[PDB]
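Read the numbers this way: they start at 1 and go in the same order the structure lists the ligands and their atoms. Proteins come first, then strands; the chains are lettered A, B, ... in the order of their sequence lines, and each starts at number 1.
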Number of protein chains: 2
Amino acid sequence: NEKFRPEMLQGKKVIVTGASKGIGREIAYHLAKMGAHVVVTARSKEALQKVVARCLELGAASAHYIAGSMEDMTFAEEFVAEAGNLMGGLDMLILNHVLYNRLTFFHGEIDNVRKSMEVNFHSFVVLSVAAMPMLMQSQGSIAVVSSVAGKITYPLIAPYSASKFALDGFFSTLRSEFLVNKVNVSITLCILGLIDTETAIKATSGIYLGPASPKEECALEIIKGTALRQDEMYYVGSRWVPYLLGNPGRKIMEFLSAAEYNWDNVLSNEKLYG
Amino acid sequence: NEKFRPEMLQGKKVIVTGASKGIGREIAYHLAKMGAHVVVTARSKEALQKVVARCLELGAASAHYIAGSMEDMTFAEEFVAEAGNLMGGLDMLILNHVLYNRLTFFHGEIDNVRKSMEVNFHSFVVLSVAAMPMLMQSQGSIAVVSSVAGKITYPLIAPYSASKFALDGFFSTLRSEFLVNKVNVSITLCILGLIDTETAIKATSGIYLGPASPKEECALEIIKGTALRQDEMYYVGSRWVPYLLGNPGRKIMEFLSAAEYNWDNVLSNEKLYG
Ligand SMILES: NC(=O)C1=CN([C@@H]2O[C@H](COP(=O)(O)OP(=O)(O)OC[C@H]3O[C@@H](n4cnc5c(N)ncnc54)[C@H](OP(=O)(O)O)[C@@H]3O)[C@@H](O)[C@H]2O)C=CC1
Ligand SMILES: NC(=O)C1=CN([C@@H]2O[C@H](COP(=O)(O)OP(=O)(O)OC[C@H]3O[C@@H](n4cnc5c(N)ncnc54)[C@H](OP(=O)(O)O)[C@@H]3O)[C@@H](O)[C@H]2O)C=CC1
């Protein structure tokens, strides 16, 4: 476990959300080629059926889908339980689905804000909570798929960028707690630049003109970084960009701030209850 | 308009949320000493009443309170309209209320996550949307009260930190678009370190031991930065901390990314629709 080897996903039990098309579908493909057990989800029954059949073709140990909407928090919680049952456990939770709005100036569409927060952030939280016990018993891993727009802001897309930023605040804090605690569930935040997904290409078409990175490789890098158990994985179309997105200032401040807690109390209140 | 002068708030029409205690109450007092028109809100009717009477005493041009809960998006939208009518307009919207959770390791309390997102983030957005036409006609200003834990993560407090990070993703993008567009409503993100608020002193008591900055001055600095129309205002108990909080990387990458849009198309799509 220093360099990635495809063999590391052999027989591992993996959930992939938003896997009927785009990057998600690609993640399933690569996991199937590695011979992982795979449970795939999104809203479209027929699209997921195709992915499932393709994954068995490619050499998945097993492949199933459960269709539903990630704005229903009850489905999200119950999806994880079914997924565990079909696999007899869970090694990796790949949180990938997303709601995209139109690239537009914000004009007070508060329903876009709410829907984006529901689909892109709250459900990732619900999925993680439902999966935590299985991940803890397998010392497994969570991929939190985000965006450059979750580290930095871009005109158009405020609703989306709010939800992605929220992911960083929540999961980074969680990892930080897991580290002190010492939980042995790893959390990888994936910071992706523009990707040549069909929705993204259509979305950005007359609007944003920077180059797009390929989805097949993107999907691979997500699994690499999650398997290698990294805090962050950057796939952003350049080697110098990630240095400007990982602000060392925050790193230093988080480091400095830890010496400000009284760990004796914190750790013994935790053992008392909660 | 280069150095702050108390005169700049004289007769200005200001909403302050979460203003029955802590920093909010201090904001109302400072605005009253400057002779502003003030509408104050929070859930506690009797605590608000006291603050209003103190504000009139301290020299407010006028002072009123409307009590209600920022979990209720209907109240938030109707509060801004009533506030505007009491004052005949609005020059400054100070978004300060917050729900605090106990400082505890996260153990799957999804309701804390939901409620924090509701009170700390969604309501900020609803208030701003409701206020925007009055703010556009006055070319006014919004203060978005955040935290160091909205730029950086801290163990304990994950749900809170998600909400604060959300505010940065949302409002910073909003400012971006306002500059392009060219709206003339300023948005000041207030990054506060530890403040000697009663709630904060109780909350952190046996747990976090860093020094606390005074709420009276904190409240003043929030209004100076908002009146001076700053993108960001730092009040963090140190002069070098802000350097580590404002990632220059982010600013460079935002500046570079701008030249990546086709603004001709963006601006003409805006002009035809939306
Ligand atoms: N494409 C890019 O340029 C970038 C992508 N990313 C990130 O990568 C991830 C995937 O992006 P991408 O592959 O382009 O997205 P796509 O639009 O290609 O695919 C999104 C997937 O999520 C599913 N989905 C959408 N809405 C819901 C819902 N309400 N409930 C359940 N499932 C849903 C979709 O299926 P269905 O619609 O049938 O439900 C689909 O399977 C996201 O987290 C995104 O933020 C980050 C930066 C850039
Ligand atoms: N205090 C500090 O160490 C730090 C504070 N900040 C920021 O400063 C701001 C003020 O915090 P502070 O003075 O410490 O907090 P306080 O607890 O002192 O004040 C909270 C205010 O918000 C109101 N409020 C809480 N919940 C709701 C609700 N659901 N609906 C409407 N009003 C509500 C409270 O009254 P009621 O419950 O009666 O409604 C009260 O008036 C916050 O945004 C905070 O995040 C940032 C960094 C540090």
Side-chain angles (χ1 to χ4, degrees), chain A residues 17-26 40-45 47-48 51 67-72 75-76 95-100 115 118-120 123-124 144-150 160 163-164 190-201 203-204 212-213 215 218-219 222 235-236, chain B residues 17-27 41-45 47-48 67-72 75-76 95-100 115 118-120 123 144-150 160 163-164 190-201 203-204 212-213 215 218-219 222 235-236:
Chain A
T17 69
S20 71
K21 59 186 158 138
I23 299 138
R25 182 174 51 189
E26 299 298 331
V40 139
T41 200
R43 280 161 311 161
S44 168
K45 268 189 57 154
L48 298 156
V51 176
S69 186
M70 291 294 175
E71 64 181 317
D72 178 20
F75 166 71
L95 297 168
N96 187 258
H97 60 87
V98 81
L99 178 253
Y100 290 119
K115 221 204 202 191
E118 285 311 305
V119 172
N120 315 154
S123 69
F124 282 39
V144 186
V145 188
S146 199
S147 180
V148 175
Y160 175 100
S163 66
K164 293 297 176 171
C190 294
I191 309 294
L192 316 186
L194 173 54
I195 311 297
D196 81 333
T197 254
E198 310 280 24
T199 34
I201 294 166
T204 60
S213 285
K215 46 164 181 212
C218 185
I222 282 156
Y235 186 81
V236 92
Chain B
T17 72
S20 64
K21 59 187 177 147
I23 298 141
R25 174 167 66 187
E26 301 298 329
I27 299 176
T41 188
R43 294 171 300 180
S44 180
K45 190 181 233 283
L48 290 162
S69 167
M70 294 302 181
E71 286 194 64
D72 179 354
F75 167 78
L95 300 173
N96 166 269
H97 56 107
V98 72
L99 157 69
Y100 285 118
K115 207 186 152 179
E118 293 299 333
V119 181
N120 305 172
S123 75
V144 173
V145 183
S146 194
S147 165
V148 179
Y160 177 92
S163 69
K164 296 310 196 178
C190 301
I191 306 304
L192 319 193
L194 179 66
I195 313 298
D196 72 359
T197 261
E198 281 315 327
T199 291
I201 293 159
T204 60
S213 290
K215 52 189 192 187
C218 179
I222 290 163
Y235 190 76
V236 299

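Listed by number with element, the atoms of ligand 2 under 4.0 angstrom from any heavy atom of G22(B) are 13 (O), 18 (O). Which parts of ligand 1 touch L194(A) is read off a 4.0 Å heavy-atom cut-off, strictly below it: atoms 3 (O). Set against the non-hydrogen atoms of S69(B), the atoms of ligand 2 under 4.0 Å away are 29 (N), 30 (N). Contact atoms of ligand 1 toward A19(A): 41 (O) (distance under 4.0 Å to a heavy atom of the residue). The distance from ligand 2 to the heavy atoms of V98(B) drops below 4.0 Å at these ligand atoms: 22 (O), 25 (C), 26 (N), 42 (C), 43 (O), 44 (C), 45 (O). Close contacts of ligand 1 with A200(A), meaning ligand atoms under 4.0 Å from a residue heavy atom, involve 1 (N), 2 (C), 3 (O). Per-residue contacts place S20(A) under 4.0 angstrom from the following atoms of ligand 1 (heavy atoms of the residue considered): 35 (O), 38 (O), 40 (C), 41 (O).
Close N/O approach between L192(A) and ligand 1 is not found [any backbone or side-chain N/O within under 3.5 Å]. Checked by distance only, ligand 1 and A42(A) stay at 3.5 Å or farther apart across all their nitrogen or oxygen atoms.
Selection from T204(A), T199(A), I23(A) by nearest heavy atom to atom 16 (P) of ligand 1 gives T199(A). The residue among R43(B), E118(B), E71(B), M70(B) with a heavy atom at the shortest distance from atom 26 (N) of ligand 2 is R43(B). When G193(B), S44(B), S147(B), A219(B) are checked for heavy-atom proximity to atom 48 (C) of ligand 2, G193(B) turns out nearest.
Contacts of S146(B) with ligand 2, taken as heavy-atom pairs under 4.0 Å, involve the backbone alone. Both the backbone and the side chain of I195(B) come within 4.0 Å of ligand 2, judged by heavy-atom distances. When non-hydrogen atoms are compared, ligand 2 lies under 4.0 Å from the side chain of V119(B) (C-beta onward) but not from its backbone.
The closest approach between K164(B) and ligand 2 falls below 4.0 Å for a heavy atom of the residue.
Taking the six-membered ring where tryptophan is involved, the planes of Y100(B) and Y160(B) are essentially parallel, since the angle between them stays under 30° and well short of 60°.
With sequence neighbours left out, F75(B) forms a ring pair (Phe, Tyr, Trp, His ring centres under 6.0 Å) with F79(B).
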